[PDB]
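Working notes, structure below.
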Amino acid sequence: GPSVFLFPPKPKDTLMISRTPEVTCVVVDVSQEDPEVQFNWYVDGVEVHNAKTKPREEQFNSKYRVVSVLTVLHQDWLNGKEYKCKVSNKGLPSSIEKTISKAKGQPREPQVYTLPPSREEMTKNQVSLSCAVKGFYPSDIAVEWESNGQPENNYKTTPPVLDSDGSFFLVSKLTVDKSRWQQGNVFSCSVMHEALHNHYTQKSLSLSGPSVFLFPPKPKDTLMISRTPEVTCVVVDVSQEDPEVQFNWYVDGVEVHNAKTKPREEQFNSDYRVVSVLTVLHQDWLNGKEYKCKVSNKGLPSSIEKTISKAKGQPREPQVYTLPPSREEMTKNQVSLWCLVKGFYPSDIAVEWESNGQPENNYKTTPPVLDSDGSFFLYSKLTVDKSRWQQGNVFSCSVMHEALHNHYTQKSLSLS
Ligand SMILES: [Zn+2]
Ligand SMILES: [Zn+2]
């Protein structure tokens with residue numbers, strides 16, 4: 001069955017007026033018995049004939065991909081015009097049309113702050129320089145570093161993360177040799193976002209069909225031995241005409257019988273979802289046992305098996321470092337406290353915040369981000385009133401991860 005994806009321009013092409021933003025239309029799983037693939041393109045419903053259609057690519061499975069690319073105008077894309085790819089191919093019945101546009105809503109301007117390395121990181125050979133960007137909308141953004149006119153390429157940026165006020169934040173982490181930091185070198189975080197002046201700013205930093213899903217347990221369940229980690233097998237789009245749905249569960253190939261199936265849950269389209277939940281022992285999950293859910297139903301041809309397990313590889317202990325606000329943030333009502341956690345494997349982690357023995361719930365965390373050494377890092381951002389920060393109140397970042405002692409650490413952060 002041939003499918004259609006439509007991808008938006010890359011953010012930095014849409015933000016720099018000298019580059020050529022393009023939307024790409026991609027047809028996957030084109031059988032060899034049947035191209036040709038016809039592309040029609042619409043801008044706000046007006047055909048446009050300029051699109052360029054590449055020759056068909058081989059996939060790893062002997063069916064073809066066909067990509068059509070439409071360059072779009074810096075203004076039109078930012079002014080939120082709609083690009084419609086229609087795809088006509090015999091052995092598709094009819095036509096698949098996808099529409100894309102930029103996200104709607106008043107743009108918001110990012111606040112960009114650079115944050116130095118934590119004193120605790122000043123014993124390593126390398127040190128981490130941060131660029132918090134927050135308060136931006138929409139989420140399209142490109143971040144880059146430089147020093148002294150030269151690209152600094154040793155950086156990883158988190159994807160944008162929705163915050164409580166409907167705006168996004170991310171953090172960018174540039175890794176440098178400490179001597180360079182310690183010698184005075186000047187480092188700049190280059191942000192491009194539509195709602196900046198000239199879409200550009202720079203801040204400097206220098207020494208002061210029924211389908212099956214199988215979900216893994218929640219990380220915090222897997223890391224505190226007093227909770228009950230569980231795998232979840234979900235059958236989706238079950239026809240009213242055909243349950244019953246039977247579940248079979250295997251732990252490294254041995255059937256177990258301790259799974260609890262729920263009653264069918266109504267979906268938004270009048271087919272059903274069935275969920276079976278299998279508790280797992282803390283020591284089995286961390287030790288790498290494989291959980292197989294087999295699903296059987298008459299709306300299927302025979303069976304669907306999914307296998308999940310914990311990611312394989314030598315666990316790596318995280319380094320947890322708290323960062324106080326940027327000085328430039330101190331002119332706000334509310335201020336950002338940072339927990340950088342880095343150098344952890346596998347990616348399964350939980351972060352939380354507390355002060356004075358009470359949970360602080362006004363925080364978002366980034367997803368784990370793959371670093372270049374194969375470890376993961378993220379940041380967590382707690383936003384507190386500034387009076388609390390300047391009164392000297394003490395904040396703790398709690399980090400749960402298999403490779404810590406007891407699977408837990410806390411770092412404090414208070415006014416210097
Ligand atoms: Zn512009
Ligand atoms: Zn344990």
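Ligands are counted one by one from 1 in listed order, and the atoms in each one are counted from 1 as well. For this chain, numbers begin at 1 and follow the sequence in order.
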Check your understanding: Ignoring hydrogens and geometry, is there a side-chain-to-backbone donor-acceptor pair from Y137 to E109 under 3.5 Å?
Key -> no
Got a list of side-chain donor-acceptor pairs under 3.5 Å for residues 216-224, not counting sequence neighbours?
from, atom 1, to, atom 2, distance (Å)
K220, NZ, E352, OE1, 3.4
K220, NZ, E352, OE2, 2.3
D221, OD1, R227, NH1, 3.2
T222, OG1, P219, O, 2.4

Practice item. With sequence neighbours excluded, tell me which residues meet side-chain hydrogen bond (donor to acceptor under 3.5 Å, both in side chains) with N89. Key: none
Which atom pairs, one a donor and one an acceptor, fall under 3.5 Å between side chains of residues 154-162 and the rest of the protein, sequence neighbours left out?
from, atom 1, to, atom 2, distance (Å)
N154, ND2, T175, O, 3.3
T157, OG1, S172, OG, 2.6
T158, OG1, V171, N, 3.3

Study note, to complete from the structure: At a cut-off of 2.8 Å, protein N/O/S around the Zn ion (ligand 1) gives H74 NE2, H199 NE2
Review point. In terms of side-chain geometry, is the basic nitrogen of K102 or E194 positioned less than 4.0 Å from the acidic oxygen of its partner?
Key: yes
Practice item. Indicate yes or no: does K203 engage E328 in a salt bridge with an N to O separation below 4.0 Å. Key: no
